[PDB]
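Just so you know, the protein sequences line up as chains L and H, in that order.
So for the first sequence, the deposited numbering puts the first residue at 1; every next one is plus one.
The deposited numbering puts the second sequence at residues 1 to 52, 52A, 53 to 82, 82A to 82C, 83 to 100, 100A to 100D, 101 to 217.
For each residue, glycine too, the CB sits at the ideal point set by N, CA and C.
Below is one structure; the comments refer to it alone.
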Amino acid sequence: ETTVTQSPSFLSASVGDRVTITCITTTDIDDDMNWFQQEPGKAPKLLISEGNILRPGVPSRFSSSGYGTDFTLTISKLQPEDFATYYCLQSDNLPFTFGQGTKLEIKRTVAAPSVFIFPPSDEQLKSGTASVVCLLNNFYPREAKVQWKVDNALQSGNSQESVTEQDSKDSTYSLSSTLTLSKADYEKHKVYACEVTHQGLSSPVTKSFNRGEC
Amino acid sequence: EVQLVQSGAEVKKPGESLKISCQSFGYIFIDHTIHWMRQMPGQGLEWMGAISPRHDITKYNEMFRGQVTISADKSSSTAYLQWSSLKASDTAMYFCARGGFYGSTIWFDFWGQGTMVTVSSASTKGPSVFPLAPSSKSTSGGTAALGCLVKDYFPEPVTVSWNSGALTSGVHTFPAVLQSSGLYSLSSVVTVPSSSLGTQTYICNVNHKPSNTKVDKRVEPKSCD
Ligand SMILES: [Ca+2]
Ligand SMILES: [Ca+2]
């Protein structure tokens, strides 16, 4: 198949900036290049047909270029609506192949996370499983490392993370990490800690607690 | 007006068969082609194949030939996508999209709304809701943090509201994570003032429609030695 290599995978920019995505085919595809926007939970919407034809209703700020192998989408005057994912599609030969997508993030200033640790509830403990939870609240950028530590032993393979989408208002992220033990292993150990590293912290912050303490 | 209307979400066990559909409104069926796209969770789009109803011609991406069957009923302008034995890795959203014939100039100007297909061992199960109590190690400055751990449910989704919708600022409901069990698990949190904690009551409203489970859980603070 004609492989389509889209870049950048992710991209940060500010309202009013002017970004450009690029796709490169491994076979010539003349002007058979298409561009879609996808908001989450929606189906892709076509913006540009073969030969850079703006689709009826696509705003003036969208535009397209390329012939042969190297193709570019270009958005001037990035409005708020335009923060989403974009895909390119070659329609020159079967199978149709898509670029792997570009994700558009609002750029803002660094914000350190607010960190909170939650010991397993007593209701949960009466059923034999312990879930320790670590919340990192409202930080930017997205990159952040959680290190669970159990009596100072760094944990691995012990936890699961999940991250919100960018908040519409403050453009921060929030992270939840869950360390899950059997009630037995839980009670083997005393001090339970959550160590966050993040560009907005001069050094790592730790939240901790003692089992039993509350 | 042109609509491509897809069938509703599916939860299946591996090895069952499944047929999802796409009905075309507002244009002449035999004048176009219907295409099927896969989009696995959190990833890009993939072209699976297409059908031209005028000729009964069916084309497949080779990565899907022999795992799925695209068909059509001309009399209802419906296209079908069919599996005879599902695997868990068929878990994804499936879109239909309209296109042209060999040598057309416009592709996928219209899309159905998508059909989510979940394939899993697990059986339907209601969540256990556990408090994430505020304390001193959930006290930033004048900001406290509390929440609910919605654990061990299947399938997705669950909704979470705070104070039957009365509390909305500072709320973060995270994406579920799929456990090795699994059985999804998620958490909803909120940041509130330390002082108010005190005088204000926080209850999370958890709704897991697939299991007809609704639960309300109060999040009371805690005392440390
Ligand atoms: Ca052409
Ligand atoms: Ca061509």
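>> To the nearest angstrom, how far is the alpha carbon of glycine 174 of chain H from that of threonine 116 of chain H?
In response: Locating residue 174 of chain H in the second sequence gives position 182, counting from the first residue. Locating residue 116 of chain H in the second sequence gives position 124, counting from the first residue. Each residue's alpha carbon lies about 11 Å from the other.
> Which runs of the beta strand (DSSP E) spanning at least 3 residues fall entirely within the stretch 83-162 of chain L, listed in chain order?
Replying inline: 85-90, 102-106, 114-118, 129-139, 145-150
>> On the criterion of 16 or more Cβ atoms from any shown chain inside 10 Å, does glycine 16 of chain L qualify as buried, or is it exposed?
In response: What you label residue 16 of chain L is simply residue 16 of the first sequence in a count that begins at 1. Classification of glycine 16 of chain L: exposed, given that the 10 Å Cβ count is below 16.
> Just the Cα atoms here: how many angstroms apart are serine 177 of chain L and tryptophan 35 of chain L?
Replying inline: By one-based count along the first sequence, residue 177 of chain L stands at place 177. By one-based count along the first sequence, residue 35 of chain L stands at place 35. The straight-line gap from Cα to Cα measures roughly 36 Å.
> Given that a residue counts as buried once 16 or more other Cβ atoms are within 10 Å of its Cβ, and exposed if not, what is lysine 83 of chain H?
Replying inline: To locate residue 83 of chain H, count along the second sequence from 1; it is residue 87. It counts as exposed.
> For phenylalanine 63 of chain H, which residues from the same chain have a beta carbon less than 7 Å from its beta carbon, with the 5 sequence-adjacent residues on both sides left out?
Replying inline: As a first step, residue 63 of chain H must be located in the second sequence, where it is residue number 64. Cβ within range, chain order: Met48, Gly49.
>> The alpha helix (DSSP H) that contains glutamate 187 of chain L, what's its start and end?
In response: Numbered from its first residue, the first sequence carries residue 187 of chain L at position 187. Its alpha helix (DSSP H) spans residues 183-188.
> Among H:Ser76, H:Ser215, H:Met89, which residue has its Cα nearest to the Cα of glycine 8 of chain H?
Replying inline: Counted from its first residue, the second sequence places residue 8 of chain H at position 8. With respect to the C-alpha of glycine 8 of chain H, the residue from H:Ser76, H:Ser215, H:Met89 having the closest C-alpha is H:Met89.
> Among residues of its own chain, excluding the 5 on either side of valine 163 of chain H, which ones have a beta-carbon nearer than 8 Å to its beta-carbon?
Replying inline: The count along the second sequence starts at 1 and reaches residue 163 of chain H at position 171. For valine 163 of chain H, where only same-chain residues beyond five positions count, the Cβ hits under 8 Å are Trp154, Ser180, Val181, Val182.
>> For the beta strand (DSSP E) containing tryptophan 100C of chain H, name the first residue and the last one.
In response: Your numbering for residue 100C of chain H matches position 107 in the second sequence. First-last for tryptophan 100C of chain H: undefined, no H or E at that position.
> Does the stretch 22-29 of chain L come close enough to the stretch 87-102 of chain L to have 3 or more Cβ pairs within less than 8 Å?
Replying inline: yes
> Among L:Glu195, L:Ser202, L:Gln199, L:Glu187, which has the Cα closest to the Cα of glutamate 213 of chain L?
Replying inline: Position 213 of the first sequence holds residue 213 of chain L. The option with the nearest alpha carbon to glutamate 213 of chain L is L:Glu187.
>> Tell me which residues of the stretch 87-101 of chain L have at least one Cβ-Cβ distance to chain H shorter than 9 Å, keeping chain order.
In response: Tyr87, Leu89, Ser91, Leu94, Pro95, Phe96, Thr97, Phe98, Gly99, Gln100, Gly101
>> So, with DSSP's three-state summary, where would you put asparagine 155 of chain H?
In response: Within the second sequence, the letter at position 163 stands for residue 155 of chain H. Looking at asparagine 155 of chain H - three-state DSSP - the assignment turns out to be coil, as it is neither helix nor strand.
> Which one of H:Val150, H:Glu212, H:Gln171, H:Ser215 has the shortest CA to CA distance from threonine 165 of chain H?
Replying inline: Position 173 of the second sequence, counted from the start, is the residue given in the question as residue 165 of chain H. Per the Cα distances, H:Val150.
> In angstroms, rounded to a whole number, what distance separates the CA positions of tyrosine 145 of chain H and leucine 181 of chain L?
Replying inline: Here the question's residue 145 of chain H lines up with position 153 in the second sequence. Here the question's residue 181 of chain L lines up with position 181 in the first sequence. Roughly 18 Å separates the two Cα atoms.
>> Please list, in chain order, the residues of the stretch 23-34 of chain L that have any C-beta partner in chain H closer than 8 Å.
In response: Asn34
> Helix or strand or just coil, what does DSSP make of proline 123 of chain H?
Replying inline: One-based indexing of the second sequence puts residue 123 of chain H at position 131. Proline 123 of chain H falls in the strand class under three-state DSSP.
> Quick one, are the C-beta atoms of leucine 46 of chain L and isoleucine 100B of chain H less than 9 Å apart?
Replying inline: Within the first sequence, residue 46 of chain L is the residue found at index 46, counting from 1. Within the second sequence, residue 100B of chain H is the residue found at index 106, counting from 1. Yes; because the gap between Cβ atoms is below 9 Å, this pair is in contact.
> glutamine 3 of chain H: which of H:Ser120, H:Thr110, H:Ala158, H:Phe102 sits nearest, CA to CA?
Replying inline: The count along the second sequence starts at 1 and reaches residue 3 of chain H at position 3. If you compare the alpha carbons of H:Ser120, H:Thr110, H:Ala158, H:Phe102 with that of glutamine 3 of chain H, the shortest gap goes to H:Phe102.
> Which residue's Cα is closest to the Cα of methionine 108 of chain H: H:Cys92, H:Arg53, H:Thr77, H:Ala71?
Replying inline: Stepping through the second sequence from its first residue, residue 108 of chain H is reached at position 116. When each option's Cα is compared against that of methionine 108 of chain H, the closest is H:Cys92.
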